[PDB]
Amino acid sequence: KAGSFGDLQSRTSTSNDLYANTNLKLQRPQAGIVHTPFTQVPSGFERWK
Amino acid sequence: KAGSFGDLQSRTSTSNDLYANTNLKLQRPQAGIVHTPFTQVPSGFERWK
Amino acid sequence: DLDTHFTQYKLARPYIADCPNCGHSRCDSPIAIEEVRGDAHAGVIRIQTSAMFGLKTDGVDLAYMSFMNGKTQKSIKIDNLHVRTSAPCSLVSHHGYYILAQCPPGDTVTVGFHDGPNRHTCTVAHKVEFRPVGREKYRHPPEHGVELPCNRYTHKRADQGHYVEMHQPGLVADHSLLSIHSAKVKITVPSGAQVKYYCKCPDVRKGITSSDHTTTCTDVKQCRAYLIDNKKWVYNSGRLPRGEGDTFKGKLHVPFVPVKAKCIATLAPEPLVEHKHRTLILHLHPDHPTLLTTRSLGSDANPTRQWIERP
Amino acid sequence: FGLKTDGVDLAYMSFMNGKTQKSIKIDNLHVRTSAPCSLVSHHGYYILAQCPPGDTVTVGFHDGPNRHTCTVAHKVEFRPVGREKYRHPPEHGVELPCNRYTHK
Amino acid sequence: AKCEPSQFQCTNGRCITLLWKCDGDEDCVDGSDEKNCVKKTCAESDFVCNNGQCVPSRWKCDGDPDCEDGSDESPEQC
Amino acid sequence: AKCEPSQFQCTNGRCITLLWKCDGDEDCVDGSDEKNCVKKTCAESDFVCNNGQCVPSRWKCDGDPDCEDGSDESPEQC
Amino acid sequence: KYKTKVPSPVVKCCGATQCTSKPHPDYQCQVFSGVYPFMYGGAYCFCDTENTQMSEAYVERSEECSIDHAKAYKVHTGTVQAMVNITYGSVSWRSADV
Ligand SMILES: *[C@@H]1O[C@H](CO)[C@@H](O)[C@H](O)[C@H]1NC(C)=O
Ligand SMILES: [Ca+2]
Ligand SMILES: [Ca+2]
Ligand SMILES: [Ca+2]
Ligand SMILES: [Ca+2]
């Protein structure tokens, strides 16, 4: 689950198939600014630690 | 006792006979560094304050 | 050799990107901070910027840095290059786009450099935390103690298998290319570059010119000019407009990769131990929040875990 | 700030040197509240700066080899606008009405 | 976008409140607002030095050069 | 004193990792780490400059001095 | 710990673009219409509202994941080994893994 221990899961540290479950959502760029704002649930691994 | 009010005791402020009871333990110097590391219980007088 | 570490960085150039705080207000900063890596233990953080450090237009020189001064790339000696979170950070090393700094905890990360009378700074909101190693929450690496394994960003520039992609730069919109001239918009094309223009005056005209071109429009506000110069590539920054087609041109290694290292952790004072019938009495006088854990060696561990912050 | 005995110039500063008024170019004019503050603008007696939270407000300037500073006890707090206690202006988010000292 | 008559637009393409069009502060990085301006006159109670700086008449010939040039204290003027 | 087989002993006596024995950084304060290094060659696809620099061929005579002396743009080359 | 990779946004001036699916972890793509971005060189687009910015973002393993990661294991009954120290008669202590 997002923000939980398993939010990011990979079968091995060198695999090329990564499972990611975060509420990654793109926000509208601020008026007149070229940027890609986004909101996301803080890392559940950092939380777990 | 170390860490308590009376860890350091002197009969007078100018006395040459000082009693000290702190867990002063000399630690091994870090590899390649000339220094005298040690561990000691924080002063019991400052703790009493 | 040193040049072997810049073989790919020589193909890239600095760029100007949006910075949330250029001193007092948002601006397009040549030192714009792209990322702050702060997951190392002893406060080591790696900051990625749009400026190039250690490269000059003429080659490699760790005393020199290169940054964009509008359309023109400027190369200057590093002068008061500094990083600040809550207090000045000690700079460990720098590499193209990347700065390695020893920073204390803070709510922000400020990077900036001086160029004569000019001052270029970029302040981003980023919680930088000090991560102590072990069972004691020390606030600064101690002089002496227990040497424990820790995660650190190495000070070495060498390629250790981590890369970032550098892409062909997108259109660089620059209104300084247009001039009213004889009451007739003229497009100035820098030597060796191409200028794409788009005019929507009564006579709608657009295209790519390799040389000075005079359009049918009489007002600069009626036209747009974009500088096309692919001599040097740029990191695919999320703050730069993407180019057309497959803009991917190469890979740039990530310097100062995170590595396993040995850190000196604090060693709390030796407890006073008093013994009673079937009872152990410990007098704990910690210097920093110190974790105390105990367990029985029987069939029921009955574990205890508590942080001791005061005697 | 911005005035000299000879006229107006935002690059110049004027201060009293005992009974004699001295006018100098602004040299390392700084504001500090537990950390350096970004200067927004200055006019006459007034200095506008963006300061992080702190317990003190330090203002000072240099005049050649001399350094003139003044530190006063004043709790400077960050007052986030809205329903979240952010510590520094975000790069992006919701634009909310707020109270600011205009730089003009 | 193009801005209403309540706002001035700099050659940079960005808009600035019309009250800021000419007030001595470059509000747009290009400086298009202050790049075009004109000076205002001063009351008859004020003297004007050679550089055009205005100073009150009570400061004229007072021994202090209250303007960029010394015209307020120049022998030719006093 | 002798270092591990995978280490290099600077003249200062301090051991350094053998991988660091020759690179852009002097890993020991004495600097003897890099004193004995040897300069690398560069691919034939890069125009070697007169003063010893080496720049890609596509940059040769492109109208921009890429070598520290402009050799790539000097009339001797084109 | 994850890393959020955000490629350069596609700014379509006087027009519109469309997002497409890609095989990226937690891939996000959205087209924001009515943008009028400005660069160091001034207004980037000509049209006032007929412009779109396409934002893209996806999740990657951070550089620390090579060193700073947790391994989840399934545990089954395995083996039991011991180091035994034995002496007998006049024979000195001898040991071996068993
Ligand atoms: C076995 O026991 C003897 C005496 O206690 C000791 O000298 C020897 O080192 C022990 N063996 C090991 C492997 O520790
Ligand atoms: Ca103005
Ligand atoms: Ca006078
Ligand atoms: Ca070396
Ligand atoms: Ca060239």
# chains A, B, ... in the order shown; residues from 1 in each chain; ligands from 1
call {"tool": "calpha_fit_and_write", "arguments": {"fixed": "chain E", "moving": "chain F", "output": "short mmCIF file (atom, residue, chain, number, x, y, z; two decimals) with N, CA, C and O atoms, in the first residue's frame"}}
result
data_model
loop_
_atom_site.label_atom_id
_atom_site.label_comp_id
_atom_site.auth_asym_id
_atom_site.auth_seq_id
_atom_site.Cartn_x
_atom_site.Cartn_y
_atom_site.Cartn_z
N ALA F 1 -0.14 38.34 -26.77
CA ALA F 1 -0.89 38.35 -25.48
C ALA F 1 -1.13 39.78 -25.00
O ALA F 1 -0.31 40.66 -25.25
N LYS F 2 -2.26 40.00 -24.33
CA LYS F 2 -2.62 41.32 -23.84
C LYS F 2 -2.89 41.26 -22.35
O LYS F 2 -3.50 40.31 -21.85
N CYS F 3 -2.44 42.29 -21.64
CA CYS F 3 -2.64 42.41 -20.20
C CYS F 3 -3.99 43.06 -19.90
O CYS F 3 -4.70 43.52 -20.79
N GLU F 4 -4.32 43.10 -18.61
CA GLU F 4 -5.53 43.79 -18.18
C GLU F 4 -5.39 45.28 -18.47
O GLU F 4 -4.28 45.80 -18.61
N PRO F 5 -6.51 46.00 -18.56
CA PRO F 5 -6.42 47.45 -18.83
C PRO F 5 -5.64 48.21 -17.77
O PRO F 5 -5.02 49.24 -18.09
N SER F 6 -5.66 47.75 -16.52
CA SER F 6 -4.94 48.38 -15.42
C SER F 6 -3.52 47.84 -15.26
O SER F 6 -2.97 47.91 -14.15
N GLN F 7 -2.92 47.30 -16.31
CA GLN F 7 -1.57 46.74 -16.23
C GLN F 7 -0.73 47.22 -17.41
O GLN F 7 -1.24 47.63 -18.45
N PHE F 8 0.59 47.15 -17.22
CA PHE F 8 1.58 47.54 -18.22
C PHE F 8 2.39 46.31 -18.60
O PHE F 8 2.91 45.61 -17.72
N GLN F 9 2.50 46.06 -19.90
CA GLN F 9 3.25 44.91 -20.40
C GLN F 9 4.69 45.30 -20.75
O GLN F 9 4.92 46.03 -21.72
N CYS F 10 5.65 44.82 -19.97
CA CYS F 10 7.05 45.07 -20.28
C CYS F 10 7.40 44.38 -21.60
O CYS F 10 6.70 43.48 -22.06
N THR F 11 8.50 44.81 -22.20
CA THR F 11 8.91 44.21 -23.47
C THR F 11 9.15 42.71 -23.32
O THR F 11 9.06 41.98 -24.30
N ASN F 12 9.43 42.25 -22.10
CA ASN F 12 9.59 40.83 -21.82
C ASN F 12 8.28 40.06 -21.96
O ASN F 12 8.31 38.83 -21.95
N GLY F 13 7.15 40.76 -22.07
CA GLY F 13 5.85 40.14 -22.17
C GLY F 13 5.13 39.97 -20.85
O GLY F 13 3.93 39.65 -20.86
N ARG F 14 5.82 40.16 -19.73
CA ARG F 14 5.21 40.00 -18.42
C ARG F 14 4.40 41.24 -18.07
O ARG F 14 4.86 42.37 -18.27
N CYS F 15 3.19 41.04 -17.55
CA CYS F 15 2.34 42.15 -17.14
C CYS F 15 2.75 42.69 -15.78
O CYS F 15 3.14 41.94 -14.88
N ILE F 16 2.65 44.01 -15.63
CA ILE F 16 2.98 44.71 -14.40
C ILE F 16 1.86 45.70 -14.10
O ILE F 16 1.21 46.22 -15.00
N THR F 17 1.63 45.94 -12.81
CA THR F 17 0.60 46.89 -12.40
C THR F 17 0.87 48.26 -13.00
O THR F 17 2.01 48.74 -13.01
N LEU F 18 -0.19 48.90 -13.51
CA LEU F 18 -0.04 50.19 -14.16
C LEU F 18 0.51 51.25 -13.21
O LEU F 18 1.23 52.15 -13.64
N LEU F 19 0.17 51.16 -11.92
CA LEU F 19 0.70 52.12 -10.95
C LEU F 19 2.22 52.08 -10.91
O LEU F 19 2.87 53.11 -10.69
N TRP F 20 2.80 50.90 -11.13
CA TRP F 20 4.24 50.71 -11.15
C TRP F 20 4.87 51.03 -12.50
O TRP F 20 6.09 50.93 -12.64
N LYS F 21 4.06 51.41 -13.49
CA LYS F 21 4.55 51.64 -14.84
C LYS F 21 5.71 52.62 -14.91
O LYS F 21 6.55 52.53 -15.82
N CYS F 22 5.80 53.58 -13.98
CA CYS F 22 6.96 54.47 -13.94
C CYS F 22 7.21 54.96 -12.52
O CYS F 22 6.42 55.73 -11.97
N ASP F 23 8.31 54.51 -11.93
CA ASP F 23 8.73 54.91 -10.59
C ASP F 23 10.21 54.57 -10.45
O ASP F 23 10.88 54.27 -11.44
N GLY F 24 10.73 54.64 -9.23
CA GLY F 24 12.15 54.39 -9.02
C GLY F 24 12.59 52.95 -9.21
O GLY F 24 13.79 52.71 -9.41
N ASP F 25 11.67 51.99 -9.17
CA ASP F 25 12.01 50.58 -9.21
C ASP F 25 11.64 49.96 -10.56
O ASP F 25 10.53 50.16 -11.05
N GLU F 26 12.58 49.22 -11.15
CA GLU F 26 12.30 48.43 -12.35
C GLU F 26 11.63 47.14 -11.89
O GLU F 26 12.29 46.23 -11.38
N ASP F 27 10.31 47.05 -12.07
CA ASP F 27 9.56 45.90 -11.58
C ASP F 27 9.67 44.66 -12.46
O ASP F 27 9.23 43.59 -12.03
N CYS F 28 10.22 44.77 -13.66
CA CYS F 28 10.45 43.61 -14.51
C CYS F 28 11.93 43.52 -14.87
O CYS F 28 12.60 44.53 -15.08
N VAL F 29 12.41 42.28 -14.92
CA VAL F 29 13.84 42.01 -15.11
C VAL F 29 14.41 42.68 -16.35
O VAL F 29 15.57 43.10 -16.36
N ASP F 30 13.62 42.80 -17.42
CA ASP F 30 14.13 43.46 -18.62
C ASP F 30 14.45 44.93 -18.41
O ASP F 30 15.23 45.50 -19.19
N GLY F 31 13.87 45.58 -17.40
CA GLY F 31 14.13 46.98 -17.16
C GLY F 31 13.40 47.94 -18.07
O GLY F 31 13.52 49.16 -17.88
N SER F 32 12.64 47.45 -19.05
CA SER F 32 11.89 48.32 -19.96
C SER F 32 10.78 49.09 -19.25
O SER F 32 10.19 49.99 -19.86
N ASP F 33 10.50 48.75 -18.00
CA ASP F 33 9.52 49.49 -17.21
C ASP F 33 9.86 50.97 -17.10
O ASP F 33 9.02 51.83 -17.35
N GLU F 34 11.11 51.28 -16.73
CA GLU F 34 11.53 52.65 -16.50
C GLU F 34 12.27 53.29 -17.67
O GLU F 34 12.51 54.50 -17.63
N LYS F 35 12.65 52.52 -18.69
CA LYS F 35 13.40 53.08 -19.82
C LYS F 35 12.74 54.30 -20.44
O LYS F 35 13.43 55.26 -20.82
N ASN F 36 11.41 54.31 -20.57
CA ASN F 36 10.70 55.40 -21.23
C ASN F 36 10.16 56.47 -20.28
O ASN F 36 9.36 57.31 -20.71
N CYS F 37 10.56 56.46 -19.01
CA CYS F 37 10.09 57.48 -18.08
C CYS F 37 10.59 58.87 -18.48
O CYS F 37 11.50 59.03 -19.30
N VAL F 38 9.97 59.89 -17.87
CA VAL F 38 10.32 61.30 -18.09
C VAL F 38 10.58 61.96 -16.75
O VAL F 38 9.82 61.76 -15.79
N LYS F 39 11.65 62.74 -16.68
CA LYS F 39 12.04 63.40 -15.43
C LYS F 39 11.03 64.45 -14.98
O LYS F 39 10.50 65.22 -15.78
N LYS F 40 10.77 64.47 -13.67
CA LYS F 40 9.87 65.42 -13.04
C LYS F 40 10.57 66.76 -12.79
O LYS F 40 11.80 66.84 -12.69
N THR F 41 9.77 67.82 -12.69
CA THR F 41 10.26 69.14 -12.33
C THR F 41 10.30 69.26 -10.80
O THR F 41 9.91 68.34 -10.08
N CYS F 42 10.78 70.40 -10.30
CA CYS F 42 10.80 70.66 -8.87
C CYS F 42 10.34 72.09 -8.60
O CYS F 42 10.52 72.98 -9.44
N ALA F 43 9.77 72.29 -7.42
CA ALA F 43 9.22 73.58 -7.04
C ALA F 43 10.27 74.69 -7.11
O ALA F 43 11.47 74.46 -6.92
N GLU F 44 9.79 75.90 -7.41
CA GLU F 44 10.66 77.07 -7.48
C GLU F 44 11.29 77.40 -6.13
O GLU F 44 12.28 78.14 -6.08
N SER F 45 10.73 76.88 -5.04
CA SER F 45 11.29 77.05 -3.71
C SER F 45 12.56 76.24 -3.49
O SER F 45 13.23 76.42 -2.47
N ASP F 46 12.91 75.36 -4.43
CA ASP F 46 14.12 74.56 -4.35
C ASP F 46 15.07 75.00 -5.46
O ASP F 46 14.70 75.02 -6.64
N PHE F 47 16.29 75.36 -5.07
CA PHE F 47 17.34 75.77 -6.01
C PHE F 47 17.73 74.59 -6.89
O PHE F 47 18.30 73.60 -6.41
N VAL F 48 17.43 74.69 -8.18
CA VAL F 48 17.82 73.67 -9.15
C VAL F 48 19.31 73.80 -9.43
O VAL F 48 19.79 74.88 -9.79
N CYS F 49 20.03 72.70 -9.26
CA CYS F 49 21.47 72.65 -9.47
C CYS F 49 21.81 72.63 -10.96
O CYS F 49 20.98 72.31 -11.81
N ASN F 50 23.07 72.98 -11.26
CA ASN F 50 23.54 73.02 -12.64
C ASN F 50 23.46 71.66 -13.31
O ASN F 50 23.05 71.55 -14.47
N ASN F 51 23.85 70.60 -12.60
CA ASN F 51 23.81 69.24 -13.12
C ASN F 51 22.42 68.61 -13.07
O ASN F 51 22.30 67.41 -13.35
N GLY F 52 21.39 69.38 -12.73
CA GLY F 52 20.03 68.88 -12.69
C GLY F 52 19.49 68.48 -11.34
O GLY F 52 18.32 68.08 -11.26
N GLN F 53 20.28 68.56 -10.28
CA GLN F 53 19.74 68.27 -8.96
C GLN F 53 18.86 69.44 -8.51
O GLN F 53 18.82 70.50 -9.15
N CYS F 54 18.15 69.25 -7.40
CA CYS F 54 17.28 70.30 -6.88
C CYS F 54 17.27 70.21 -5.36
O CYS F 54 16.85 69.20 -4.80
N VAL F 55 17.73 71.28 -4.71
CA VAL F 55 17.85 71.33 -3.25
C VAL F 55 17.07 72.52 -2.70
O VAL F 55 16.91 73.53 -3.40
N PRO F 56 16.56 72.44 -1.47
CA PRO F 56 15.79 73.57 -0.93
C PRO F 56 16.58 74.87 -0.93
O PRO F 56 17.80 74.89 -0.79
N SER F 57 15.84 75.97 -1.09
CA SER F 57 16.45 77.30 -1.13
C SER F 57 17.23 77.62 0.14
O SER F 57 18.31 78.21 0.08
N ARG F 58 16.70 77.23 1.31
CA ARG F 58 17.39 77.53 2.56
C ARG F 58 18.77 76.91 2.63
O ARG F 58 19.61 77.36 3.42
N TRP F 59 19.04 75.88 1.83
CA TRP F 59 20.36 75.25 1.80
C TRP F 59 21.31 75.93 0.82
O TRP F 59 22.51 75.63 0.84
N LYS F 60 20.82 76.84 -0.02
CA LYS F 60 21.68 77.50 -1.00
C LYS F 60 22.66 78.44 -0.32
O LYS F 60 22.28 79.30 0.48
N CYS F 61 23.94 78.29 -0.66
CA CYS F 61 25.02 79.10 -0.12
C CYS F 61 25.04 79.08 1.41
O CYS F 61 25.27 80.10 2.06
N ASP F 62 24.80 77.91 1.99
CA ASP F 62 24.76 77.77 3.44
C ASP F 62 26.10 77.35 4.02
O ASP F 62 26.23 77.28 5.25
N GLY F 63 27.09 77.08 3.18
CA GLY F 63 28.39 76.64 3.62
C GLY F 63 28.61 75.14 3.54
O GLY F 63 29.65 74.66 4.01
N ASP F 64 27.67 74.40 2.97
CA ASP F 64 27.76 72.95 2.86
C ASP F 64 27.35 72.55 1.45
O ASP F 64 26.24 72.91 1.01
N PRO F 65 28.19 71.82 0.70
CA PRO F 65 27.81 71.46 -0.67
C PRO F 65 26.72 70.40 -0.69
O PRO F 65 26.99 69.22 -0.44
N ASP F 66 25.49 70.81 -1.01
CA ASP F 66 24.37 69.87 -1.09
C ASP F 66 24.20 69.26 -2.47
O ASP F 66 23.68 68.14 -2.58
N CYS F 67 24.61 69.96 -3.52
CA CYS F 67 24.59 69.35 -4.85
C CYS F 67 25.84 68.49 -5.03
O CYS F 67 26.86 68.67 -4.36
N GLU F 68 25.74 67.53 -5.95
CA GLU F 68 26.84 66.60 -6.18
C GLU F 68 28.12 67.30 -6.62
O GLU F 68 29.19 66.69 -6.55
N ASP F 69 28.04 68.55 -7.08
CA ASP F 69 29.23 69.30 -7.47
C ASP F 69 29.45 70.56 -6.64
O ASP F 69 30.39 71.31 -6.93
N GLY F 70 28.63 70.81 -5.63
CA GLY F 70 28.76 72.01 -4.83
C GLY F 70 28.28 73.28 -5.49
O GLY F 70 28.70 74.37 -5.09
N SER F 71 27.41 73.17 -6.50
CA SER F 71 26.91 74.36 -7.19
C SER F 71 26.32 75.37 -6.22
O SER F 71 26.54 76.58 -6.36
N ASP F 72 25.56 74.90 -5.23
CA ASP F 72 24.96 75.79 -4.25
C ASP F 72 26.00 76.60 -3.47
O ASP F 72 25.66 77.66 -2.93
N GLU F 73 27.24 76.12 -3.40
CA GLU F 73 28.29 76.81 -2.66
C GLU F 73 29.37 77.39 -3.57
O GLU F 73 30.30 78.03 -3.08
N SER F 74 29.26 77.18 -4.88
CA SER F 74 30.25 77.70 -5.81
C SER F 74 30.17 79.23 -5.89
O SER F 74 29.09 79.81 -5.74
N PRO F 75 31.30 79.90 -6.13
CA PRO F 75 31.27 81.37 -6.20
C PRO F 75 30.35 81.91 -7.27
O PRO F 75 29.97 83.09 -7.21
N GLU F 76 29.97 81.09 -8.26
CA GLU F 76 29.01 81.52 -9.26
C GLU F 76 27.66 81.87 -8.65
O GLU F 76 26.95 82.73 -9.18
N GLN F 77 27.29 81.22 -7.55
CA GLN F 77 26.01 81.48 -6.91
C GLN F 77 26.09 82.51 -5.80
O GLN F 77 25.08 83.16 -5.51
N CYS F 78 27.25 82.68 -5.17
CA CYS F 78 27.39 83.66 -4.10
C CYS F 78 28.86 83.95 -3.82
O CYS F 78 29.66 83.04 -3.60
#
call {"tool": "select_by_dssp", "arguments": {"residues": "chain E", "states": "strand (DSSP E)", "output": "list in words"}}
result
residues 7, 8, 9, 15, 16, 17, 46, 47, 48, 54, 55 and 56 of chain E
call {"tool": "write_last_selection", "arguments": {"atoms": "N, CA, C and O atoms", "output": "PDB file, in the first residue's frame"}}
result
ATOM      1  N   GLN E   7      -2.924  47.223 -16.455  1.00  0.00           N
ATOM      2  CA  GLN E   7      -1.565  46.736 -16.283  1.00  0.00           C
ATOM      3  C   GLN E   7      -0.723  47.098 -17.497  1.00  0.00           C
ATOM      4  O   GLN E   7      -1.208  47.125 -18.632  1.00  0.00           O
ATOM      5  N   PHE E   8       0.549  47.383 -17.235  1.00  0.00           N
ATOM      6  CA  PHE E   8       1.533  47.644 -18.274  1.00  0.00           C
ATOM      7  C   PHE E   8       2.265  46.349 -18.594  1.00  0.00           C
ATOM      8  O   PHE E   8       2.507  45.529 -17.704  1.00  0.00           O
ATOM      9  N   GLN E   9       2.611  46.162 -19.865  1.00  0.00           N
ATOM     10  CA  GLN E   9       3.351  44.985 -20.300  1.00  0.00           C
ATOM     11  C   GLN E   9       4.741  45.368 -20.789  1.00  0.00           C
ATOM     12  O   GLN E   9       4.885  46.214 -21.677  1.00  0.00           O
ATOM     13  N   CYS E  15       3.649  41.217 -17.449  1.00  0.00           N
ATOM     14  CA  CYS E  15       2.861  42.395 -17.123  1.00  0.00           C
ATOM     15  C   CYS E  15       3.142  42.910 -15.720  1.00  0.00           C
ATOM     16  O   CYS E  15       3.413  42.146 -14.789  1.00  0.00           O
ATOM     17  N   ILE E  16       3.067  44.231 -15.598  1.00  0.00           N
ATOM     18  CA  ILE E  16       3.359  44.959 -14.373  1.00  0.00           C
ATOM     19  C   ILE E  16       2.235  45.961 -14.159  1.00  0.00           C
ATOM     20  O   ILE E  16       1.768  46.590 -15.115  1.00  0.00           O
ATOM     21  N   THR E  17       1.787  46.099 -12.912  1.00  0.00           N
ATOM     22  CA  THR E  17       0.741  47.065 -12.604  1.00  0.00           C
ATOM     23  C   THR E  17       1.090  48.428 -13.190  1.00  0.00           C
ATOM     24  O   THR E  17       2.242  48.868 -13.140  1.00  0.00           O
ATOM     25  N   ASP E  46      12.771  75.874  -4.235  1.00  0.00           N
ATOM     26  CA  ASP E  46      13.934  75.000  -4.303  1.00  0.00           C
ATOM     27  C   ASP E  46      14.872  75.439  -5.418  1.00  0.00           C
ATOM     28  O   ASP E  46      14.428  75.812  -6.508  1.00  0.00           O
ATOM     29  N   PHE E  47      16.169  75.394  -5.127  1.00  0.00           N
ATOM     30  CA  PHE E  47      17.210  75.707  -6.094  1.00  0.00           C
ATOM     31  C   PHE E  47      17.579  74.441  -6.856  1.00  0.00           C
ATOM     32  O   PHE E  47      17.414  73.327  -6.353  1.00  0.00           O
ATOM     33  N   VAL E  48      18.079  74.616  -8.077  1.00  0.00           N
ATOM     34  CA  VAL E  48      18.488  73.501  -8.925  1.00  0.00           C
ATOM     35  C   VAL E  48      19.957  73.658  -9.295  1.00  0.00           C
ATOM     36  O   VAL E  48      20.358  74.680  -9.866  1.00  0.00           O
ATOM     37  N   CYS E  54      17.416  69.180  -7.168  1.00  0.00           N
ATOM     38  CA  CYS E  54      16.710  70.221  -6.433  1.00  0.00           C
ATOM     39  C   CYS E  54      17.089  70.205  -4.959  1.00  0.00           C
ATOM     40  O   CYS E  54      17.212  69.141  -4.345  1.00  0.00           O
ATOM     41  N   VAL E  55      17.277  71.396  -4.396  1.00  0.00           N
ATOM     42  CA  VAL E  55      17.571  71.564  -2.974  1.00  0.00           C
ATOM     43  C   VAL E  55      16.809  72.778  -2.451  1.00  0.00           C
ATOM     44  O   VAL E  55      16.670  73.772  -3.179  1.00  0.00           O
ATOM     45  N   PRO E  56      16.300  72.758  -1.218  1.00  0.00           N
ATOM     46  CA  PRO E  56      15.601  73.937  -0.698  1.00  0.00           C
ATOM     47  C   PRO E  56      16.504  75.163  -0.691  1.00  0.00           C
ATOM     48  O   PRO E  56      17.717  75.070  -0.483  1.00  0.00           O
TER      49      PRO E  56
END
call {"tool": "residues_around", "arguments": {"residues": "residue 46 (chain B)", "least_positions_apart": "2", "cutoff": "10 Å", "atoms": "only C-alpha atoms", "output": "VMD selection string"}}
result
chain B and resid 3 to 5 42 to 44 48 to 49
call {"tool": "write_last_selection", "arguments": {"atoms": "N, CA, C and O atoms", "output": "mmCIF file, in the first residue's frame"}}
result
data_model
loop_
_atom_site.group_PDB
_atom_site.id
_atom_site.type_symbol
_atom_site.label_atom_id
_atom_site.label_comp_id
_atom_site.auth_asym_id
_atom_site.auth_seq_id
_atom_site.Cartn_x
_atom_site.Cartn_y
_atom_site.Cartn_z
ATOM 1 N N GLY B 3 27.775 11.294 38.891
ATOM 2 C CA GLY B 3 26.505 11.783 38.404
ATOM 3 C C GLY B 3 25.577 12.315 39.471
ATOM 4 O O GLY B 3 24.500 12.822 39.135
ATOM 5 N N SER B 4 25.954 12.214 40.741
ATOM 6 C CA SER B 4 25.169 12.739 41.845
ATOM 7 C C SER B 4 25.801 14.021 42.378
ATOM 8 O O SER B 4 26.945 14.358 42.072
ATOM 9 N N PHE B 5 25.020 14.741 43.184
ATOM 10 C CA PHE B 5 25.441 16.042 43.697
ATOM 11 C C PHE B 5 26.877 16.022 44.212
ATOM 12 O O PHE B 5 27.681 16.898 43.875
ATOM 13 N N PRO B 42 28.402 12.733 33.060
ATOM 14 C CA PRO B 42 28.239 14.184 33.185
ATOM 15 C C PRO B 42 28.231 14.633 34.638
ATOM 16 O O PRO B 42 27.746 13.930 35.527
ATOM 17 N N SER B 43 28.787 15.819 34.868
ATOM 18 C CA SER B 43 28.948 16.337 36.219
ATOM 19 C C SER B 43 27.631 16.304 36.980
ATOM 20 O O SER B 43 26.595 16.746 36.479
ATOM 21 N N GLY B 44 27.682 15.764 38.199
ATOM 22 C CA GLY B 44 26.499 15.684 39.035
ATOM 23 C C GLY B 44 26.099 17.011 39.641
ATOM 24 O O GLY B 44 24.954 17.160 40.080
ATOM 25 N N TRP B 48 22.492 18.483 39.270
ATOM 26 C CA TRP B 48 21.735 18.974 40.416
ATOM 27 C C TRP B 48 21.128 20.344 40.138
ATOM 28 O O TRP B 48 19.978 20.604 40.509
ATOM 29 N N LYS B 49 21.879 21.233 39.482
ATOM 30 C CA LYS B 49 21.338 22.543 39.131
ATOM 31 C C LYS B 49 20.004 22.426 38.406
ATOM 32 O O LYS B 49 19.112 23.263 38.589
#
call {"tool": "residues_near_ligand", "arguments": {"ligand": "ligand 1", "cutoff": "12 Å", "atoms": "only C-alpha atoms and all ligand atoms", "output": "PyMOL selection string"}}
result
chain G and resi 82-88+91-97
call {"tool": "write_last_selection", "arguments": {"atoms": "N, CA and C atoms", "output": "short mmCIF file (atom, residue, chain, number, x, y, z; two decimals), in the first residue's frame"}}
result
data_model
loop_
_atom_site.label_atom_id
_atom_site.label_comp_id
_atom_site.auth_asym_id
_atom_site.auth_seq_id
_atom_site.Cartn_x
_atom_site.Cartn_y
_atom_site.Cartn_z
N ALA G 82 26.71 -26.84 14.67
CA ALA G 82 27.37 -26.44 15.90
C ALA G 82 28.87 -26.64 15.77
N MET G 83 29.61 -25.88 16.57
CA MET G 83 31.06 -26.01 16.70
C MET G 83 31.29 -26.70 18.04
N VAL G 84 31.90 -27.89 18.00
CA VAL G 84 32.07 -28.71 19.19
C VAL G 84 33.54 -28.81 19.55
N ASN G 85 33.85 -28.57 20.82
CA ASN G 85 35.19 -28.63 21.37
C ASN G 85 35.26 -29.88 22.22
N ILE G 86 36.17 -30.80 21.89
CA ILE G 86 36.25 -32.08 22.58
C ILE G 86 37.69 -32.37 23.00
N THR G 87 37.84 -32.88 24.22
CA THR G 87 39.10 -33.38 24.74
C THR G 87 38.80 -34.67 25.48
N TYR G 88 39.72 -35.63 25.40
CA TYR G 88 39.54 -36.90 26.09
C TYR G 88 40.91 -37.46 26.45
N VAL G 91 44.52 -36.39 25.22
CA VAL G 91 44.43 -35.68 23.95
C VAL G 91 43.94 -34.26 24.21
N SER G 92 44.68 -33.29 23.70
CA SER G 92 44.34 -31.89 23.87
C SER G 92 43.03 -31.56 23.17
N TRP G 93 42.51 -30.37 23.46
CA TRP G 93 41.24 -29.93 22.88
C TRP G 93 41.31 -29.85 21.37
N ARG G 94 40.33 -30.46 20.71
CA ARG G 94 40.17 -30.43 19.27
C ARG G 94 38.73 -30.04 18.97
N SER G 95 38.52 -29.34 17.86
CA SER G 95 37.18 -28.90 17.51
C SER G 95 36.97 -28.96 16.00
N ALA G 96 35.70 -29.05 15.62
CA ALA G 96 35.30 -29.07 14.22
C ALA G 96 33.83 -28.69 14.14
N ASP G 97 33.43 -28.22 12.96
CA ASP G 97 32.02 -27.94 12.70
C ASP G 97 31.28 -29.25 12.45
#
